[PDB]
Amino acid sequence: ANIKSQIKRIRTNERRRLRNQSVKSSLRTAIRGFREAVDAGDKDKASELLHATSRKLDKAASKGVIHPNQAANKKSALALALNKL
Amino acid sequence: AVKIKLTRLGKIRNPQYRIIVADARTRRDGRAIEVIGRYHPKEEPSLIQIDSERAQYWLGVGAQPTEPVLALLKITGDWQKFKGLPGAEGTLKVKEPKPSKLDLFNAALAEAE
Amino acid sequence: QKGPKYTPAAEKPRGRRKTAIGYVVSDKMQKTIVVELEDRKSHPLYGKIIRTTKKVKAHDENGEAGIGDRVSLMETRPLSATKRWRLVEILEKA
Amino acid sequence: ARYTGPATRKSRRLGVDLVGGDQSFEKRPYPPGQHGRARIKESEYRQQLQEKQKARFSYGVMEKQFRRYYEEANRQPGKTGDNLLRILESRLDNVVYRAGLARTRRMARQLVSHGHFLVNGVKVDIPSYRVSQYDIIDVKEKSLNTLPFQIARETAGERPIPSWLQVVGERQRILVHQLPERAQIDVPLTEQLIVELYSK
RNA sequence: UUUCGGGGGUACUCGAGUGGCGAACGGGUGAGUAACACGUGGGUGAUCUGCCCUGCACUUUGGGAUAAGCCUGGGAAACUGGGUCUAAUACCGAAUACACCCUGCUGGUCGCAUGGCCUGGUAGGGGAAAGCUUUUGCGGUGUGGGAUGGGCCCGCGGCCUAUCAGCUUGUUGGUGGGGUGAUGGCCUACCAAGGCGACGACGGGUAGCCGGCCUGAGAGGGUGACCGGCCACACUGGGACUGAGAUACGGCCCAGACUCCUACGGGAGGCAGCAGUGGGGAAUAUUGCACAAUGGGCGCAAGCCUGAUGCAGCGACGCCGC
């Protein structure tokens with residue numbers, strides 16, 4: 001509020017927040033769809049939904065939106081959930 | 001980045017430094033990982049001692065000397081040894097020792113007789 | 001001339017986790033037993049040797065340890081709140 | 001600071017002569033003032049205090065400096081009494097006085113404080129300067145012709161130079177072989193009384 | 001180039017702007033906190049680490065915008081809307097990576113049980129990058145290993161009070177999920193009924209902790225000024241965001257108290273940074289000088305910034321000396 005760098009950082013932090021929010025919302029939607037598909041009980045749609053969701057997860061990990069460990073945990077959980085079914 | 005800095009000691013008029021290895025984020029007089037020499041600029045030849053092997057180790061792991069420490073490392077030849085450009089030549093101008101008090105005592109006694 | 005594409009890490013010796021020997025005083029929990037550990041220090045001022053007792057909660061999978069058995073424990077990462085010990089074996093039943 | 005008042009007062013009060021050759025003390029060897037003749041009550045504290053006053057008014061050392069000296073002497077691994085005596089004797093002004101270059105300790109202190117001397121090639125004007133082994137005390141060339149040093153250099157028949165000191169040059173150089181021991185000190189009073197007083 | 005009103009180019013240079021890095025350090029204070037906060041010693045087969053050093057592999061390909069600029073609107077102001085237009089190391093799609101991540105099967109080996117290691121083998125899926133500069137040239141991405149800085153758990157240790165004897169219901173344990181860098185009732189559903197306490201739980205009071213300091217023959221007692229380390233906080237109380245890293249002092253959002261501006265519609269602020277002011281008090285200082293030295297940030301560099309720091313001023317406030 002008092003220092004030029006702070007005002008510039010206000011704007012830039014806002015734009016970064018918008019981007020991160022979009023990425024996280026997309027990831028959450030993909031996970032939700034996959035979970036619903038597994039709940040339905042069909043394997044093939046769950047199969048390539050898992051593939052697409054894993055790709056989205058580690059691609060978001062590359063962007064820095066989520067930590068690579070978080071992507072690994074989510075991928076492992078989804079794969080184990082599919083394997084159990 | 002771990003750096004090889006100079007911390008300040010001594011009293012107000014006479015700064016005497018220690019060549020310390022410390023993180024760049026710590027304060028000047030903060031905790032030090034290691035002490036690898038000392039540097040007293042107040043003397044006429046400005047005594048410099050650097051423990052060569054520890055300096056070599058810390059340069060090997062990637063510590064970054066500050067400008068005064070870089071100048072000192074060049075003077076003692078440690079920097080050149082680490083790089084290897086002209087060789088490892090000691091340019092250190094050691095302080096010239098002062099004759100013993102006993103020498104002067106006997107000299108005065110003989111001068112009397 | 002080329003350096004190796006893989007650099008094996010410098011091996012690090014494993015640490016020594018704390019061990020203890022005690023008596024079971026409670027086994028009303030699933031996979032959990034409560035052990036009584038005794039320590040004998042000296043009084044910091046009066047010098048006498050003082051015997052103090054302490055309760056720790058260990059984890060045994062199959063629950064082979066009853067009440068009153070001299071069991072052996074080894075420290076571990078937090079398995080739950082308050083649970084930091086793993087049952088090694090029963091030295092002598094009672 | 002310094003003590004500048006009459007010197008004979010302290011000698012009369014302490015019952016001994018501290019200057020060394022003063023006639024007034026011999027004329028009246030009793031304490032000053034109106035009641036210098038009254039009999040005194042005897043007390044160990046009084047004797048110890050008077051011994052300390054003798055020591056610190058012979059050498060012209062104030063109480064705080066004397067206490068520092070006593071602490072230093074006690075800390076040393078010898079014995080306290082002679083350690084204190086040797087520390088007192090190692091002062092530059094005392095060295096100048098015992099070297100026969102000053103009639104009295106006061107004038108030795110005045111000469112030192114005025115920077116008329118020079119120790120180890122560097123000018124020193126500090127009466128409390130302590131002198132170590134193989135120390136060469138010299139008079140600077142400018143003041144060699146002054147009347148004080150003149151009459152000091154032509155009356156070298158007074159009090160003998162102690163063993164630990166030795167004047168070697170016709171210009172009255174001083175050499176210090178080692179710090180004096182209790183045998184060669186040759187001082188009045190009793191060190192044990194001072195040690196007792198400072199342990200109270 | 002000129003009518004002296006100025007006009008064009010340049011890119012030496014540079015206001016404003018996009019972008020990067022920094023701003024989480026450094027500096028202050030001791031309110032809270034009787035607590036894994038601190039001291040000391042361990043554990044992490046339960047973990048993160050920007051910049052720095054050092055191996056290996058790369059640095060392919062395409063696209064859509066927008067700040068600035070110009071035109072225009074609203075408002076008292078703070079500030080803000082619309083149209084048009086433009087660049088990138090800004091943003092986005094794909095290829096490659098098989099060193100990495102996930103899953104299935106499978107071998108050997110070490111254990112301290114979950115497990116760890118052999119970059120084990122094998123089948124399937126998948127994960128990036130950025131250019132600039134002619135000069136000592138600087139950079140980008142993945143991955144192996146160092147170095148540094150952390151996080152979490154534990155033993156032991158340091159106050160007063162039963163004229164405070166019961167306390168606890170995510171509370172104690174399990175299972176499946178979720179969550180996290182990481183283990184864990186950290187969260188959640190179900191299940192079981194546990195867990196702590198006279199070796200003082202639960203309450204009440206007081207308190208930042210330590211290296212140290214003072215006293216003492218010592219044991220011990222008192223203390224935590226300077227200097228040095230750790231913690232906590234930044235008007236009061238909550239909250240997240242960005243980021244390698246956040247109690248985010250000189251960031252954001254909300255609520256509140258207070259102070260200020262208002263065209264009454266609405267806005268602005270936070271000295272426990274350095275000086276300084278008022279007040280309280282027995283009582284504690286200059287609205288000083290400099291980046292010359294040391295440390296730090298950005299920059300290839302020259303260089304810029306630094307009330308950190310180096311100095312000076314004031315006070316017998318202390319020690320020492322004259």
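Every heavy atom of this structure was used, including side-chain atoms; hydrogens, water molecules and symmetry mates were not. The sequence lines fix the lettering, A, B, ..., with proteins before strands; numbering per chain opens at 1.
- E/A182 and E/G245 are spaced 13 Å apart, taking the P atom of each and rounding to whole Å.
- Atom CD of B/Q64 is separated from atom P of E/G299 by 14 Å (rounded to the nearest Å).
- For the pair A/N13 CG and E/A246 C1', the interatomic distance rounds to 12 Å; values are reported in whole Å.
- By the side-chain contact (heavy atoms from CB on, under 4.5 Å) test, C/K41 is found to be paired with C/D39, C/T52, residues two or more places apart in sequence or in another chain being considered.
- Judged by atom type and distance alone, A/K8 reaches the base of E/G19 through a side-chain donor-acceptor pair under 3.5 Å.
- Not a single ring pair (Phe, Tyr, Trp, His ring centres under 6.0 Å) links B/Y57 to another residue, sequence neighbours left out.
- Base stacking between strand neighbours E/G273 and E/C274 is present, with six-membered ring centres closer than 5.5 Å and ring planes inclined by less than 30 degrees.
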Report, as a single string ordered 5' to 3', how protein heavy atoms within less than 4.0 Å touch nucleotides 178-200 of chain E: B base, S sugar-phosphate only, - not at all.
SSBSSBS---------SSSS-B-
Starting at the 5' end of nucleotides 210-233 of chain E, put B wherever the base has a protein heavy atom under 4.0 Å, S where only the sugar-phosphate does, and a dash everywhere else.
------------------SS----
Side chain to side chain donor-acceptor pair (under 3.5 Å) between D/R86 and D/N83, worked out:
CA-CA 5 Å; D/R86 177 213 283 113; D/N83 282 338; 2.8 Å; yes
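- Using a 4.0 Å heavy-atom criterion, one finds that B/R18 contacts no nucleic acid atom at all.
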Classify every nucleotide of nucleotides 314-322 of chain E by which part a protein heavy atom approaches to under 4.0 Å, writing B for the base, S for the sugar-phosphate alone and - for neither, in 5'-to-3' order.
------SSB
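- Scanning both residues, B/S46 and B/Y39, for their nearest heavy atoms gives OG-CE1, 3.1 Å.
- For the pair B/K5 and B/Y17, the NZ or CZ position fails the cation-pi test of under 6.0 Å to the six-membered ring centre and within 45 degrees of the ring normal.
- When the rule of centres under 5.5 Å and planes under 30° is applied to the neighbouring bases of E/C25 and E/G26, their six-membered rings qualify as stacked.
- In this structure, A/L50 places its CG atom 8 Å from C1' of E/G125, rounding to the nearest Å.
- Adjacent in the strand, E/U134 and E/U135 form a stacked pair, their six-membered rings being closer than 5.5 Å at the centres and less than 30 degrees apart in orientation.
- Across the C1' atoms, E/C92 and E/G64 are found 8 Å apart, a figure rounded to whole Å.
- Take the nearest nucleotide of RNA chain E for A/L80 and for C/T7: the residue whose nucleotide is more 5' is A/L80.
- Neighbouring bases E/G111 and E/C112 form no stack, their six-membered rings failing the under 5.5 angstrom centre or under 30 degree plane limit.
- Judged by the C1'-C2'-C3'-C4' torsion, the sugar of E/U135 sits on the south side, since the angle is negative.
- Within 4.0 Å (heavy atoms only), A/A79 reaches sugar-phosphate atoms of the nucleic acid but no base atom.
- With the rule of ring centres under 5.5 Å apart and planes tilted under 30°, the neighbouring bases E/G75 and E/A76 are not scored as stacked.
- In this structure, the CZ atom of B/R28 is 11 Å from the P atom of E/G296, given to the nearest Å.
- Comparing E/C91 with E/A130, their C1' atoms are spaced 14 Å from each other, to the whole Å.
- Because its glycosidic torsion is within 90° of 0, E/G265 is reported here as syn.
- Base orientation of E/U284: syn (glycosidic angle within 90° of 0).
- Stacking of D/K140 on the aromatic ring of D/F117 is not recorded, the 6.0 Å distance cut-off and the 45° axial limit not both being met.
- Between B/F82 and B/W79, the angle of the ring planes lies from 30° to 60°, which puts this pair in the tilted group.
- Atom NE2 in A/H51 sits roughly 12 Å away from atom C1' in E/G104 (whole-Å rounding).
- To the nearest 0.5 Å, atom CD1 of residue B/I48 and atom CD1 of residue B/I19 are 7.5 Å apart.
- Look at E/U134: its glycosidic torsion is within 90° of 0, and that puts it in the syn range.
- For E/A225, the sign convention on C1'-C2'-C3'-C4' gives a north pucker, since the angle is positive.
- Nucleotide E/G310 holds its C1' atom 16 Å from the CD atom of B/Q16, rounded to whole Å.
- At E/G30 the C1'-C2'-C3'-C4' dihedral is negative, so the sugar adopts a south, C2'-endo-type conformation.
- Comparing B/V69 and C/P13 along RNA chain E, the residue whose closest nucleotide (by nearest heavy atom) sits nearer the 5' end is C/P13.
- Taking 3.5 Å as the upper bound for both contacts, E/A189 does not pair with E/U148 in Watson-Crick or G-U wobble fashion.
- Judged by distance alone, the side chains of C/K83 and C/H59 do bring a donor and an acceptor atom under 3.5 Å apart.
- Checked by atom type, the side-chain pair A/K75/A/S54 shows no donor-acceptor distance below 3.5 Å.
- Between the side chains of D/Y97 and D/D93, no donor-acceptor pair is found at a separation under 3.5 Å.
- By the 4.5 Å heavy-atom criterion applied to side chains, A/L18 and A/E14 are counted as neighbours.
- The base of E/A302 does not engage E/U18 as a Watson-Crick or G-U wobble partner with both distances under 3.5 Å.
- In this entry E/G269 carries a north-puckered sugar, per its positive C1'-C2'-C3'-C4' angle.
- No Watson-Crick or G-U wobble pair links E/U134 with E/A31 with both defining distances under 3.5 Å.
- For D/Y69 and D/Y198, the distance between ring centers is not under 6.0 angstrom.
- Nucleotide E/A316 is shown with a syn base, its glycosidic torsion being within 90° of 0.
- Taking atom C1' on both nucleotides, E/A76 is separated from E/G267 by 11 Å, rounded to a whole Å.
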Within the 4.0 Å limit for protein heavy atoms, which parts of nucleotides 252-258 of chain E are touched? Write it as a string from 5' to 3', B for base, S for sugar-phosphate only, - for none.
S------
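- Because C1'-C2'-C3'-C4' is positive for E/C196, its sugar is assigned to the north class.
- Pairing check for E/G269 against E/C258: the Watson-Crick or wobble criterion is satisfied, both distances under 3.5 Å.
- With the cut-off at 3.5 Å for both distances, E/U259 forms a Watson-Crick or G-U wobble pair with E/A268.
- A donor and an acceptor atom sit less than 3.5 Å apart, one in the side chain of A/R9 and one in the base of E/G22.
- Using the rule of two distances under 3.5 Å, E/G212 and E/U223 count as a Watson-Crick or G-U wobble pair.
- E/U277 takes the anti form, because its glycosidic angle lies more than 90° either side of 0.
- No canonical Watson-Crick or G-U wobble pair links E/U242 to E/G62 with each of its two hydrogen-bond distances shorter than 3.5 Å.
- Taking atom CG of A/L82 as the reference point, atom P of E/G125 lies 15 Å away to the nearest angstrom.
- A Watson-Crick or G-U wobble pair links E/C298 with E/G303, both defining distances under 3.5 Å.
- Judged by the 3.5 Å cutoff on both pairing distances, E/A24 and E/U171 do not qualify as a Watson-Crick or G-U wobble pair.
- The interatomic distance linking A/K56 (NZ) with E/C102 (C1') rounds to 17 Å, in whole Å.
- Here, E/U309 and E/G273 have their P atoms 15 Å apart, quoted to the whole Å.
- Remark: of the listed residues D/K54, D/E89, D/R91, D/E89 is the sole one forming a side-chain hydrogen bond (donor to acceptor under 3.5 Å, both in side chains) with D/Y59.
- Between E/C12 and E/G251, neither a Watson-Crick nor a G-U wobble pair is formed under the 3.5 Å criterion for both distances.
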